[PDB]
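Worksheet: one structure, shown below.
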Amino acid sequence: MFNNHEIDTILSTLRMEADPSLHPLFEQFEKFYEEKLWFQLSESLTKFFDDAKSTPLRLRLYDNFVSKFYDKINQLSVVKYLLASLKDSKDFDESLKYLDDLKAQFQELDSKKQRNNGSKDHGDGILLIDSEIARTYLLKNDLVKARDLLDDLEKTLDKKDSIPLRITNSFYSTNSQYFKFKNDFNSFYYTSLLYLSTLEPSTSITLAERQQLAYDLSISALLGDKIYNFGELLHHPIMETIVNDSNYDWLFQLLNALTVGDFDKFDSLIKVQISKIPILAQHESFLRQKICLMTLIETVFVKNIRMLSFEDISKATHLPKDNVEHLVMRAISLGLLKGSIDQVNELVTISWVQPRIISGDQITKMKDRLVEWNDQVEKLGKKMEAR
Amino acid sequence: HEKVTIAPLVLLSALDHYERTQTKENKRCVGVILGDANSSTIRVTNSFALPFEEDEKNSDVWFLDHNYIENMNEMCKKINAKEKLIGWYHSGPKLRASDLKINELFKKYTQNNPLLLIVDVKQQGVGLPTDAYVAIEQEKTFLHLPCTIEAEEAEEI
Amino acid sequence: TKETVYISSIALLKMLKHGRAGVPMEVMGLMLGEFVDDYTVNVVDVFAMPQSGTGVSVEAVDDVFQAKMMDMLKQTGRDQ
Amino acid sequence: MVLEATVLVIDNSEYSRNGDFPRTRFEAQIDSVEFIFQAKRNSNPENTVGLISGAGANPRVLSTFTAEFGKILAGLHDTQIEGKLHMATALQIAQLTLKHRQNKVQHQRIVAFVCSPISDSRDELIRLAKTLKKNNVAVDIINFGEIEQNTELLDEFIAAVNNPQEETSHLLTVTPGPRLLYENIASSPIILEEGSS
Amino acid sequence: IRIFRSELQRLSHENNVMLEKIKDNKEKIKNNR
């Protein structure tokens with residue numbers, strides 16, 4: 001089964017009259033790899049549904065066929081694949097050599113053929129240069145120089161309107177790589193959800209890259225409690241789509257660890273890399289009390305009595321009683337919760353934090369509170385109607 | 001967000017157009033709103049119905065004529081120069097493939113975001129037979145905006 | 001005999017609003033309807049007319065503008 | 001001689017992705033507008049030419065029936081060469097366009113530019129075939145494809161649509177390459193000639 | 001000679017659109033003065 005050797009060759013001879021102006025090097029390079037299964041930039045038609053990470057031999061060949069690719073199949077093969085797919089080849093010898101192709105060559109095409117949208121559909125003439133602006137400083141030199149180029153891409157995100165979401169996700173991909181190696185992973189976890197949450201057409205990756213992306217999603221929520229908790233990614237097709245071993249279960253074990261409240265149980269199943277950072281242990285205690293903080297409205301008591309004892313959250317968060325006053329104090333400083341506390345009576349009252357998507361016994365009690373609203377219609381409401 | 005203020009003359013004339021066309025439950029009426037969308041409060045100072053044809057059993061069947069829009073817009077220039085197309089309204093409670101695809105058709109003649117309006121011809125429940133809805137993307141997401149009824153001095157009198 | 005005009009709530013608000021711009025300024029419009037003499041009289045829908053150099057006059061009626069409206073007012077069945 | 005309405009349908013599919021046979025493509029469809037309109041409206045009155053798009057970018061109406069072919073050319077602007085293909089929508093838009101128009105009680109004809117074999121559903125093509133016969137609608141399918149595309153649901157729609165003689169359809173195959181598109185359409189029964197009823 | 005005739009037909013009708021647009025404006029500005 002040869003996709004690029006035969007299917008790509010036969011279908012190329014059928015379209016664009018007879019051949020797309022094939023040079024003698026075209027058929028010579030197809031016989032180079034033979035059964036080694038090296039597709040190497042399948043060149044439009046096949047390349048849409050077929051990806052190749054091997055080092056292309058034809059990189060300097062199809063460059064003269066770009067004008068033929070437009071009249072053959074589609075112009076999206078250049079912007080969504082081919083020269084834009086060079087990042088999948090993982091060729092270090094081409095580093096910062098693509099400015100003459102992925103930038104300067106596309107700049108000359110934008111000043112001649114396509115002025116704004118060109119012809120056919122949209123998505124061409126914008127994502128060409130805009131994708132590689134921030135991708136220039138991702139590798140090699142530090143990400144500090146890339147931050148100045150991220151704001152220019154965010155301004156064109158809301159201004160430009162495109163039907164496919166691959167252009168929008170291409171802007172958040174550079175934002176994720178910026179906060180990946182830096183601190184403040186709350187922004188990394190925020191840009192990762194907007195990059196991919198559930199999108200079928202956009203962000204098409206193999207099975208091996210889904211677990212690698214899930215690894216970045218795992219380490220994103222370790223250092224911060226924002227946007228729900230580790231259990232938020234469980235409802236999304238993330239944890240259910242990955243294997244439960246090889247340290248990919250970190251997001252699953254921390255969900256049940258909130259109710260158990262023991263760090264030693266989770267520390268025994270992990271390595272020294274993630275267990276040496278105290279930020280993981282500190283920000284995990286905020287989520288453990290958070291479950292008890294959501295009990296202030298209705299959980300057990302049916303009378304809606306709001307009271308919080310420091311002894312109940314002590315065993316839940318694995319923290320002593322004297323450090324409870326400083327635990328809730330850091331929550332207000334970071335803007336996690338709003339409210340007032342009382343040290344004399346040991347009572348805590350909060351307005352709200354981020355009420356979760358949880359269901360079952362929660363939605364059952366939610367209906368009971370609305371019954372009291374309807375009970376006044378049968379009690380206080382019917383008396384005013386008789387007046 | 002933004003605000004929407006609809007005059008009572010717009011909603012009064014929009015309901016009778018449903019009767020003038022003798023539209024049954026199998027079809028719905030679509031029309032265009034005119035006003036000033038530049039400010040934060042969207043106001044509709046004019047409206048007119050369009051001969052919109054639709055099949056209820058098939059969401060892929062709709063008929064919208066753009067030729068009547070170009071002629072009507074040129075006729076309003078000799079009436080009121082301050083009136084421009086701020087969007088389009090429609091009837092029926094349901095939002096289907098007919099109303100979602102035509103939202104971008106009026107966008108060509110509308111500078112700002114076209115204001116979506118669900119008009120209840122039967123006036124079922126509470127107040128506000130017509131609700132103010134704005135189109136925004138994250139799938140088409142229609143967010144509700146506050147709808148207030150305010151008219152001129154001599155209009156209310 | 002004479003004719004008794006019966007303006008509904010739709011026509012009264014539209015004919016009024018068209019002439020609410022300015023004290024000195026004068027405008028004009030066109031009324032349409034279907035009725036019979038011998039008392040009864042109705043008005044379906046109205047629309048304003050463009051102002052010429054003479055303002056309100058007999059020559060201010062544009063047969064070109066009036067013919068284009070009656071074709072645009074036919075879509076909803078209000079053409080009379 | 002022939003009093004009928006003409007609706008140009010712009011349909012695209014995967015087979016339309018080729019943009020250059022000699023030089024470019026789809027500009028012959030632009031030039032063919034003045035040949036079809038002048039041979040109908042300018043030749044005899046009560047013959048109007050419309051334009052719609054049932055495939056490609058959006059299933060909308062590009063231009064309604066006008067008094068000149070230039071307004072039809074304005075609708076041809078901003079048209080995606082590659083896009084989705086819906087046959088039932090293209091026939092439905094033209095049927096609703098031919099339903100509401102001027103010069104009523106006349107013959108109705110649909111001229112569709114077809115680059116594809118049109119494989120969607122068998123019952124959907126038959127249901128629309130029996131409905132258009134009551135309104136006296138003639139759907140003219142002009143084959144583009146690669147050379148000739150036949151023995152598919154395209155011919156099944158033509159075979160089952162014909163109860164009468166001249167009121168149904170005519171087949172025209174366009175040879176790819178440096179060929180004249182307006183000449184094959186002019187000599188075809190699509191323009192005047194056969195189809196009068 | 002069949003090349004420039006494609007773009008010439010477009011500019012020919014675009015001039016008529018601007019002509020018919022100002023034709024109603026020329027008669028309107030004279031009535032407004």
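Ligands are numbered from 1 in the order shown, residues from 1 within each chain, and chains are lettered A, B, ... in the order they appear in the structure tokens.
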If we count only C-alpha atoms, which residues of chain B reach to within 12 Å of chain A? Please list them as a tab-separated table (two decimals) with N, CA and C atoms, in the first residue's frame.
chain	number	residue	atom	x	y	z
B	104	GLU	N	-26.28	36.17	7.96
B	104	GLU	CA	-25.14	36.74	7.26
B	104	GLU	C	-25.54	37.42	5.95
B	136	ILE	N	-23.37	36.33	18.32
B	136	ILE	CA	-21.97	36.31	18.72
B	136	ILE	C	-21.47	34.88	18.63
B	137	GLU	N	-20.19	34.73	18.30
B	137	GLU	CA	-19.56	33.42	18.17
B	137	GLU	C	-18.49	33.25	19.23
B	138	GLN	N	-18.23	31.99	19.59
B	138	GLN	CA	-17.23	31.67	20.59
B	138	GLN	C	-15.85	31.50	19.96
B	139	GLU	N	-20.15	27.64	16.34
B	139	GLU	CA	-21.54	27.55	16.76
B	139	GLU	C	-22.13	28.94	16.99
B	140	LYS	N	-23.35	29.15	16.50
B	140	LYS	CA	-24.03	30.43	16.64
B	140	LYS	C	-24.63	30.54	18.03
Q: Give the residues of chain D that lie within 12 Å of chain C; count only C-alpha atoms, and format the answer as a PyMOL selection string.
A: chain D and resi 100-102
Only C-alpha atoms, please: the residues just picked out, written as an mmCIF file, in the first residue's frame.
data_model
loop_
_atom_site.group_PDB
_atom_site.id
_atom_site.type_symbol
_atom_site.label_atom_id
_atom_site.label_comp_id
_atom_site.auth_asym_id
_atom_site.auth_seq_id
_atom_site.Cartn_x
_atom_site.Cartn_y
_atom_site.Cartn_z
ATOM 1 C CA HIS D 100 -42.722 34.550 -7.327
ATOM 2 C CA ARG D 101 -41.867 36.730 -10.340
ATOM 3 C CA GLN D 102 -43.480 38.877 -13.017
#
Q: Please provide the set of residues having any atom within 9 Å of residue 18 (chain C), restricted to only C-alpha atoms, with same-chain residues fewer than 6 positions apart removed, written as a list in words.
A: residues 79 of chain B; 27, 28, 29, 47 and 48 of chain C
May I have the selected residues written with N, CA, C and O atoms, as a PDB file, in the first residue's frame?
ATOM      1  N   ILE B  79     -36.821  59.719   2.068  1.00  0.00           N
ATOM      2  CA  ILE B  79     -37.762  59.908   3.166  1.00  0.00           C
ATOM      3  C   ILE B  79     -37.006  60.427   4.381  1.00  0.00           C
ATOM      4  O   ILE B  79     -37.225  61.559   4.826  1.00  0.00           O
TER       5      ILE B  79
ATOM      6  N   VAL C  27     -43.651  68.592   4.942  1.00  0.00           N
ATOM      7  CA  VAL C  27     -43.436  67.339   4.237  1.00  0.00           C
ATOM      8  C   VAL C  27     -44.780  66.840   3.717  1.00  0.00           C
ATOM      9  O   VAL C  27     -45.814  67.481   3.893  1.00  0.00           O
ATOM     10  N   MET C  28     -44.751  65.676   3.071  1.00  0.00           N
ATOM     11  CA  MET C  28     -45.955  65.095   2.499  1.00  0.00           C
ATOM     12  C   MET C  28     -45.797  63.584   2.425  1.00  0.00           C
ATOM     13  O   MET C  28     -44.690  63.047   2.525  1.00  0.00           O
ATOM     14  N   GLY C  29     -46.927  62.902   2.248  1.00  0.00           N
ATOM     15  CA  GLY C  29     -46.949  61.458   2.156  1.00  0.00           C
ATOM     16  C   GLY C  29     -48.126  60.997   1.322  1.00  0.00           C
ATOM     17  O   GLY C  29     -48.903  61.802   0.806  1.00  0.00           O
ATOM     18  N   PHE C  47     -46.820  56.050   3.583  1.00  0.00           N
ATOM     19  CA  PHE C  47     -45.386  56.293   3.534  1.00  0.00           C
ATOM     20  C   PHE C  47     -45.146  57.733   3.104  1.00  0.00           C
ATOM     21  O   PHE C  47     -45.936  58.310   2.352  1.00  0.00           O
ATOM     22  N   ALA C  48     -44.047  58.304   3.588  1.00  0.00           N
ATOM     23  CA  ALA C  48     -43.729  59.690   3.285  1.00  0.00           C
ATOM     24  C   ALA C  48     -43.256  59.836   1.840  1.00  0.00           C
ATOM     25  O   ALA C  48     -42.810  58.881   1.199  1.00  0.00           O
TER      26      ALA C  48
END
Q) Neighbours of region 39-43 of chain D within 8 Å (only C-alpha atoms; same-chain residues fewer than 6 positions away dropped), as a list in words? A)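 So, after excluding close chain neighbours, the residues are residues 49, 67, 191 and 192 of chain D.
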Any chance you can output those residues with N, CA, C and O atoms as a tab-separated table (two decimals), in the first residue's frame?
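So the final result, stored in again_4.tsv, reads:
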chain	number	residue	atom	x	y	z
D	49	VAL	N	-34.08	36.42	-17.33
D	49	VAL	CA	-32.96	35.56	-16.97
D	49	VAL	C	-32.54	35.89	-15.54
D	49	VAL	O	-32.15	37.03	-15.26
D	67	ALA	N	-33.48	43.63	-16.19
D	67	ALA	CA	-33.63	44.05	-17.57
D	67	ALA	C	-32.31	44.07	-18.33
D	67	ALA	O	-32.30	44.39	-19.53
D	191	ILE	N	-31.42	27.19	-25.34
D	191	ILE	CA	-31.72	28.54	-25.81
D	191	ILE	C	-32.69	28.44	-26.98
D	191	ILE	O	-32.33	27.94	-28.05
D	192	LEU	N	-33.92	28.91	-26.77
D	192	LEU	CA	-34.98	28.87	-27.78
D	192	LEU	C	-35.16	27.46	-28.33
D	192	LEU	O	-35.10	26.49	-27.58
Q: Go through B:42, B:72, B:4, B:116 one by one, measure the shortest atom-to-atom distance of each to chain C using only C-alpha atoms, and give the residue with the smallest value.
A: B:72
Q: Take CA of residue 42 (chain C) and CA of residue 9 (chain C) and report the distance between them in Å, one decimal.
A: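 So the two atoms, CA of residue 42 (chain C) and CA of residue 9 (chain C), lie 11.5 Å apart.
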**Q.** Secondary structure check, alpha helix (DSSP H) residues of region 19-152 of chain B, as a list in words
**A.**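 Across region 19-152 of chain B, those assigned alpha helix (DSSP H) are residues 19, 20, 67, 68, 69, 70, 71, 72, 73, 74, 75, 76, 77, 97, 98, 99, 100 and 101 of chain B.
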Write to file, as an mmCIF file, in the first residue's frame, the residues of the selection just made, with N, CA and C atoms.
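Just written: selection_29.cif:
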data_model
loop_
_atom_site.group_PDB
_atom_site.id
_atom_site.type_symbol
_atom_site.label_atom_id
_atom_site.label_comp_id
_atom_site.auth_asym_id
_atom_site.auth_seq_id
_atom_site.Cartn_x
_atom_site.Cartn_y
_atom_site.Cartn_z
ATOM 1 N N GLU B 19 -50.710 39.347 9.206
ATOM 2 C CA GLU B 19 -52.079 39.127 8.753
ATOM 3 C C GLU B 19 -52.267 39.511 7.291
ATOM 4 N N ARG B 20 -51.574 40.555 6.827
ATOM 5 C CA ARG B 20 -51.716 40.985 5.439
ATOM 6 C C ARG B 20 -51.257 39.909 4.464
ATOM 7 N N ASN B 67 -33.459 41.674 -3.779
ATOM 8 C CA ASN B 67 -33.698 42.769 -4.712
ATOM 9 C C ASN B 67 -34.634 43.810 -4.112
ATOM 10 N N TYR B 68 -35.624 43.369 -3.332
ATOM 11 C CA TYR B 68 -36.510 44.308 -2.655
ATOM 12 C C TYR B 68 -35.784 45.115 -1.587
ATOM 13 N N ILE B 69 -34.656 44.613 -1.080
ATOM 14 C CA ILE B 69 -33.911 45.341 -0.059
ATOM 15 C C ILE B 69 -33.191 46.535 -0.671
ATOM 16 N N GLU B 70 -32.562 46.339 -1.833
ATOM 17 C CA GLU B 70 -31.826 47.426 -2.470
ATOM 18 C C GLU B 70 -32.758 48.545 -2.916
ATOM 19 N N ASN B 71 -33.936 48.192 -3.435
ATOM 20 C CA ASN B 71 -34.879 49.214 -3.875
ATOM 21 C C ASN B 71 -35.499 49.942 -2.688
ATOM 22 N N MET B 72 -35.883 49.203 -1.644
ATOM 23 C CA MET B 72 -36.484 49.833 -0.472
ATOM 24 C C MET B 72 -35.490 50.745 0.237
ATOM 25 N N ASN B 73 -34.211 50.363 0.253
ATOM 26 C CA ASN B 73 -33.203 51.197 0.900
ATOM 27 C C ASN B 73 -33.001 52.505 0.146
ATOM 28 N N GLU B 74 -33.096 52.469 -1.186
ATOM 29 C CA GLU B 74 -32.967 53.695 -1.965
ATOM 30 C C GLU B 74 -34.203 54.575 -1.835
ATOM 31 N N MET B 75 -35.376 53.971 -1.623
ATOM 32 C CA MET B 75 -36.588 54.763 -1.451
ATOM 33 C C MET B 75 -36.611 55.465 -0.100
ATOM 34 N N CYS B 76 -36.021 54.852 0.927
ATOM 35 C CA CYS B 76 -35.979 55.476 2.244
ATOM 36 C C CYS B 76 -34.996 56.638 2.303
ATOM 37 N N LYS B 77 -34.058 56.718 1.356
ATOM 38 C CA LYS B 77 -33.119 57.834 1.341
ATOM 39 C C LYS B 77 -33.817 59.151 1.032
ATOM 40 N N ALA B 97 -32.504 26.341 10.713
ATOM 41 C CA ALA B 97 -31.484 26.611 9.705
ATOM 42 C C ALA B 97 -31.881 27.729 8.751
ATOM 43 N N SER B 98 -33.174 28.040 8.643
ATOM 44 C CA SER B 98 -33.594 29.125 7.763
ATOM 45 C C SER B 98 -33.182 30.482 8.318
ATOM 46 N N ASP B 99 -33.387 30.701 9.620
ATOM 47 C CA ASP B 99 -33.082 31.997 10.216
ATOM 48 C C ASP B 99 -31.595 32.180 10.491
ATOM 49 N N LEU B 100 -30.855 31.088 10.695
ATOM 50 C CA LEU B 100 -29.435 31.206 11.011
ATOM 51 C C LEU B 100 -28.600 31.519 9.775
ATOM 52 N N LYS B 101 -28.938 30.925 8.627
ATOM 53 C CA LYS B 101 -28.153 31.168 7.421
ATOM 54 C C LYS B 101 -28.402 32.558 6.849
#
Q) Near residue 111 (chain D), counting only C-alpha atoms, which residues have an atom at most 12 Å away, once you skip same-chain residues fewer than 6 positions from it, shown as an NGL selection string? A) :D and (4-11 or 29 or 33 or 36 or 49-53 or 90-91 or 94-95 or 137-143 or 168-172 or 185 or 188-191)
Q: Would you mind listing what lies within 9 Å of residue 28 (chain E) as an NGL selection string, with only C-alpha atoms counted and same-chain residues fewer than 6 positions away left out?
A: (:B and (78)) or (:C and (50-52))
Could those selected residues go to a file with N, CA and C atoms, as a JSON list (two decimals), in the first residue's frame?
[["chain", "number", "residue", "atom", "x", "y", "z"],
["B", 78, "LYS", "N", -34.89, 59.11, 0.25],
["B", 78, "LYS", "CA", -35.69, 60.30, -0.03],
["B", 78, "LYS", "C", -36.72, 60.58, 1.06],
["C", 50, "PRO", "N", -40.95, 62.41, -1.02],
["C", 50, "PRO", "CA", -39.82, 63.34, -1.04],
["C", 50, "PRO", "C", -40.28, 64.78, -1.24],
["C", 51, "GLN", "N", -39.51, 65.70, -0.68],
["C", 51, "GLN", "CA", -39.82, 67.12, -0.76],
["C", 51, "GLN", "C", -39.07, 67.76, -1.93],
["C", 52, "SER", "N", -39.81, 68.49, -2.76],
["C", 52, "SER", "CA", -39.25, 69.17, -3.92],
["C", 52, "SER", "C", -38.92, 70.62, -3.57]]
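Going from CA of residue 190 (chain A) over to CA of residue 297 (chain A), you cover 28.1 Å.
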Q.
With only C-alpha atoms considered, list every residue of chain C at most 12 Å from chain B, as a VMD selection string.
A. chain C and resid 8 to 21 27 to 30 44 to 52 62 64 to 79
What are the closest atom pairs, with distances in Å to one decimal, for all residues of chain D lying within 9 Å of chain E? Consider only C-alpha atoms, order rows by chain and residue number, and present the result as a Markdown table.
| residue | atom | partner | partner_atom | distance |
| --- | --- | --- | --- | --- |
| D:27 | CA | E:6 | CA | 7.9 |
| D:30 | CA | E:6 | CA | 8.1 |
| D:31 | CA | E:6 | CA | 7.0 |
| D:70 | CA | E:13 | CA | 5.7 |
| D:71 | CA | E:13 | CA | 7.6 |
| D:73 | CA | E:10 | CA | 7.5 |
| D:74 | CA | E:10 | CA | 8.0 |
Can I get the selection written as a PDB file, in the first residue's frame, with N, CA, C and O atoms?
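So result-v4.pdb came out as:
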ATOM      1  N   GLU D  27     -14.703  31.910 -15.856  1.00  0.00           N
ATOM      2  CA  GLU D  27     -14.891  33.162 -16.576  1.00  0.00           C
ATOM      3  C   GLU D  27     -15.647  32.962 -17.881  1.00  0.00           C
ATOM      4  O   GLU D  27     -16.210  33.927 -18.410  1.00  0.00           O
ATOM      5  N   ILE D  30     -19.056  33.512 -16.967  1.00  0.00           N
ATOM      6  CA  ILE D  30     -19.305  34.947 -16.888  1.00  0.00           C
ATOM      7  C   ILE D  30     -19.591  35.514 -18.272  1.00  0.00           C
ATOM      8  O   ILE D  30     -20.514  36.319 -18.452  1.00  0.00           O
ATOM      9  N   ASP D  31     -18.813  35.098 -19.274  1.00  0.00           N
ATOM     10  CA  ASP D  31     -19.024  35.593 -20.630  1.00  0.00           C
ATOM     11  C   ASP D  31     -20.296  35.025 -21.247  1.00  0.00           C
ATOM     12  O   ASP D  31     -20.917  35.681 -22.091  1.00  0.00           O
ATOM     13  N   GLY D  70     -25.889  42.828 -17.121  1.00  0.00           N
ATOM     14  CA  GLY D  70     -24.821  43.329 -16.272  1.00  0.00           C
ATOM     15  C   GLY D  70     -25.108  43.137 -14.795  1.00  0.00           C
ATOM     16  O   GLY D  70     -24.197  42.857 -14.009  1.00  0.00           O
ATOM     17  N   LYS D  71     -26.372  43.287 -14.395  1.00  0.00           N
ATOM     18  CA  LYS D  71     -26.738  43.048 -13.002  1.00  0.00           C
ATOM     19  C   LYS D  71     -26.560  41.585 -12.621  1.00  0.00           C
ATOM     20  O   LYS D  71     -26.306  41.275 -11.451  1.00  0.00           O
ATOM     21  N   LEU D  73     -24.084  39.790 -13.812  1.00  0.00           N
ATOM     22  CA  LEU D  73     -22.642  39.661 -13.632  1.00  0.00           C
ATOM     23  C   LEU D  73     -22.199  40.150 -12.259  1.00  0.00           C
ATOM     24  O   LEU D  73     -21.171  39.696 -11.743  1.00  0.00           O
ATOM     25  N   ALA D  74     -22.954  41.071 -11.656  1.00  0.00           N
ATOM     26  CA  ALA D  74     -22.619  41.536 -10.315  1.00  0.00           C
ATOM     27  C   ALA D  74     -22.809  40.436  -9.278  1.00  0.00           C
ATOM     28  O   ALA D  74     -22.089  40.401  -8.274  1.00  0.00           O
TER      29      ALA D  74
END
(Q) Need the shell around region 119-121 of chain A: protein/DNA/RNA residues with any atom at most 7 Å away, counting only C-alpha atoms. Skip same-chain ones fewer than 2 positions apart. Format as number ranges by chain? (A) A: 117, 123; D: 79-82
N, CA, C and O atoms of the current selection, written as a compact mmCIF listing (two decimals), in the first residue's frame:
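As a result, part37.txt now contains:
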# COMPACT_ATOMS: atom_id res chain seq x y z
N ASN A 117 -8.46 38.71 -0.02
CA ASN A 117 -8.95 37.34 -0.01
C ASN A 117 -8.63 36.58 -1.29
O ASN A 117 -8.89 35.38 -1.36
N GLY A 123 -9.26 32.38 4.16
CA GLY A 123 -8.25 31.66 4.91
C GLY A 123 -6.86 31.69 4.31
O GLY A 123 -5.94 31.13 4.91
N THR D 79 -17.76 34.51 -5.39
CA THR D 79 -18.27 33.15 -5.53
C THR D 79 -17.12 32.18 -5.33
O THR D 79 -16.15 32.20 -6.10
N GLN D 80 -17.23 31.33 -4.31
CA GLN D 80 -16.17 30.36 -4.03
C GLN D 80 -16.20 29.24 -5.06
O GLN D 80 -17.26 28.66 -5.34
N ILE D 81 -15.04 28.93 -5.63
CA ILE D 81 -14.96 27.87 -6.63
C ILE D 81 -15.15 26.50 -5.98
O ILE D 81 -15.79 25.61 -6.55
N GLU D 82 -14.63 26.32 -4.77
CA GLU D 82 -14.77 25.07 -4.03
C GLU D 82 -15.74 25.27 -2.88
O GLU D 82 -15.66 26.26 -2.15
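Interatomic distance, CA of residue 343 (chain A) against CA of residue 306 (chain A): 15.9 Å.
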(Q) Within 7 Å of chain D, which residues belong to chain B? Use only C-alpha atoms and report them as JSON, numbers by chain. (A) {"B": [60, 61, 63, 67]}
Okay, now the selection with N, CA and C atoms, as an mmCIF file, in the first residue's frame?
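The new file part_29.cif reads:
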data_model
loop_
_atom_site.group_PDB
_atom_site.id
_atom_site.type_symbol
_atom_site.label_atom_id
_atom_site.label_comp_id
_atom_site.auth_asym_id
_atom_site.auth_seq_id
_atom_site.Cartn_x
_atom_site.Cartn_y
_atom_site.Cartn_z
ATOM 1 N N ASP B 60 -33.987 23.148 5.304
ATOM 2 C CA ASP B 60 -33.135 23.594 4.212
ATOM 3 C C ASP B 60 -33.893 24.377 3.148
ATOM 4 N N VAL B 61 -35.181 24.634 3.352
ATOM 5 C CA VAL B 61 -36.015 25.342 2.387
ATOM 6 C C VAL B 61 -36.306 26.728 2.945
ATOM 7 N N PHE B 63 -36.727 31.089 1.357
ATOM 8 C CA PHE B 63 -36.736 32.017 0.233
ATOM 9 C C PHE B 63 -36.595 33.435 0.764
ATOM 10 N N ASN B 67 -33.459 41.674 -3.779
ATOM 11 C CA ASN B 67 -33.698 42.769 -4.712
ATOM 12 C C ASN B 67 -34.634 43.810 -4.112
#
**Q.** Proximal residues of chain E relative to chain C (only C-alpha atoms; 10 Å) as a list in words
**A.**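 Close to chain C, chain E has residues 27, 28, 29, 30, 31, 32 and 33 of chain E.
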Q: Pick out the chain E residues within 10 Å of chain B. Count only C-alpha atoms. Give them as a list in words.
A: residues 21, 24, 25 and 28 of chain E
Write the selection just made, keeping C-alpha atoms, as an mmCIF file, in the first residue's frame?
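Listing of part18.cif after writing:
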data_model
loop_
_atom_site.group_PDB
_atom_site.id
_atom_site.type_symbol
_atom_site.label_atom_id
_atom_site.label_comp_id
_atom_site.auth_asym_id
_atom_site.auth_seq_id
_atom_site.Cartn_x
_atom_site.Cartn_y
_atom_site.Cartn_z
ATOM 1 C CA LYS E 21 -27.131 56.447 -8.536
ATOM 2 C CA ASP E 24 -31.594 60.301 -8.865
ATOM 3 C CA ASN E 25 -29.201 62.431 -6.795
ATOM 4 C CA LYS E 28 -32.828 65.338 -5.721
#
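Here is the contact set of chain D against chain A, at 9 Å and counting only C-alpha atoms: residues 14, 16, 17, 18, 19, 20, 21, 22, 24, 57, 78, 79, 80, 81, 82, 83, 146, 176 and 177 of chain D.
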